[PDB]
Amino acid sequence: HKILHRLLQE
Amino acid sequence: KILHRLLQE
Amino acid sequence: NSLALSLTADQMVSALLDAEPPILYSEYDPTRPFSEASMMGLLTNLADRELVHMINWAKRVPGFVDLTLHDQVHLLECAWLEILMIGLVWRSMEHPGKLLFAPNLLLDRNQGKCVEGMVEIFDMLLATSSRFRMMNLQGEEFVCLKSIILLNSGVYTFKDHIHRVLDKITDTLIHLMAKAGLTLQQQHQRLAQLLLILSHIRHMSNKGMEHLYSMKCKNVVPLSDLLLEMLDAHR
Amino acid sequence: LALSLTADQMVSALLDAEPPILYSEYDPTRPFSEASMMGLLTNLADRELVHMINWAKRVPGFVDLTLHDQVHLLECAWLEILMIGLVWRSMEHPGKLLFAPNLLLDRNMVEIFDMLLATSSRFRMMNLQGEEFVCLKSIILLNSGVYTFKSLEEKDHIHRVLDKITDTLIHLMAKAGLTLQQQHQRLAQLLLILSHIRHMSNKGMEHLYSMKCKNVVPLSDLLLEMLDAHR
Ligand SMILES: COc1ccc(-c2coc3cc(O)cc(O)c3c2=O)cc1
Ligand SMILES: COc1ccc(-c2coc3cc(O)cc(O)c3c2=O)cc1
């Protein structure tokens, strides 16, 4: 559950 | 310095 | 099948210019930072906010969103500090001897002394900035190089798609130098000079990553979870 | 003298100056630990360094620099040069690294191996030519420490030599029949690999340093001194 994962999905 | 003198000869 | 490859050179340049993130400001305190904690405080706060814009810039680089989310993560994880650094060097170009971390955060190497190891990275950054100035690097060239870093730096720790887009950006760089009137020889010589600097930018990122992980273990400043995860990806 | 070489003379000079491929002390009948196996690599790298130092003298333009600058360039570039030599001679051994003719290893320290394997795979899918390889290796020597040094005259001579070698790479690609678009694309593909090689070198220098600290793998006096140059 990386933050980068979330942020790349906007 | 080993490199310094290997470069010299 | 990617829209990136069907773009013309001028369209690639326009997509990249329009994707550019803004120049952020540091916190507006009028103390020239002169300690490890205040220096690292301002820089990690700045990096954290720039990272949010970088992530949304990357999604606008043609070809990037055609990758899987996992490949997008890996490229950004690999490249983020290089991308921060080439941005720094680019906006420091017109300020010889200074590093413009933000319009209200202009540092010189004397301040790099207060953080352990930063004077060496500061010296490297300044030398890259000066090299960019002496080459008269153009903003259209700068955006091509930053996109090259994004797609290239993690590509071999993986394919054909990224390489086709990288080829597209080479075409675009040449296109810019021919539009600027350079001869054929000047074009390929200049292409080589620019790409060789990417080796130095990678070296600076690798060195900076070490000192950032060091500063994390010194617990000098709380790092954001986002910054921590981007750093941990290199460990 | 370097600046007046033609493209074909540059390639010949570089091809003539190639160092030899040395053997390791690997013995398949002898048991090895991860320790002693790593000692085989560091023992080999030490002996290659002696040949690299004398090869560097034969790189057009290198000895035109001060001894201090020659020292600096080799300190900065030595592991990159060892690694690009490794991936070159591993090209035709898919999935393996030919450290020596008697030492061909598979992934079965792990992270660096995968990176070297990826780079050689990249060289193979590009069909990297021997003439291009010796050009790249000389570029690394001259390029990797140039921004870490009137030592400003020295940098300018290095830039002119590096431009000369770019001219040489293009000449090679034109002779191979590539279109101009293909020449520029391949030139960029080749120089982008140098960023990955710099990356691999930085990582290996960090693992080398910790190996020193653990004091289990022997390291020669020259290797330690090179290592100290990177702090
Ligand atoms: C302690 O090690 C380090 C290494 C690098 C940084 C650093 C953090 O924020 C930045 C923001 C930029 O826009 C450009 C940059 O170049 C940096 C850094 O270089 C901060 C601490
Ligand atoms: C522990 O990390 C490391 C540190 C250094 C090496 C290393 C040691 O000797 C070499 C000799 C070569 O000819 C080519 C090479 O590429 C290497 C290495 O890469 C390999 C792994």
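Chain letters run A, B, ... following the sequence lines, proteins first, then strands; residues in each count from 1. Computed from heavy atoms alone, side chains included, the values below leave out hydrogens, waters and symmetry copies.
Residues meeting the ring pair (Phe, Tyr, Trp, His ring centres under 6.0 Å) test with D:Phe123, sequence neighbours left out: none.
Salt bridge annotation for D:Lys57-B:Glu9: absent, with no cationic side-chain nitrogen under 4.0 angstrom from a carboxylate oxygen.
For the pair D:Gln70/B:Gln8, no side-chain contact is recorded, criterion being any heavy-atom separation below 4.5 Å from C-beta on.
A distance of 9.5 Å separates CG of D:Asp228 from NZ of B:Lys1, quoted to the nearest 0.5 Å. For the atom pair D:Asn54 CG and B:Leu6 CG, the distance stands at 7.5 Å (nearest 0.5 Å).
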Walk me through whether D:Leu49 and B:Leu3 qualify under side chain to side chain contact (heavy atoms under 4.5 Å, CB included). CA-CA 9 Å; D:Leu49 271 170; B:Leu3 174 58; over 6 Å; no
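Formation of a donor-acceptor pair under 3.5 Å by the D:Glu225 side chain with backbone atoms of B:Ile2 is found in this model.
Around atom CD1 of D:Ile21, no more than 12 heavy atoms belonging to other residues, nucleotides or ligands sit under 6.0 Å away.
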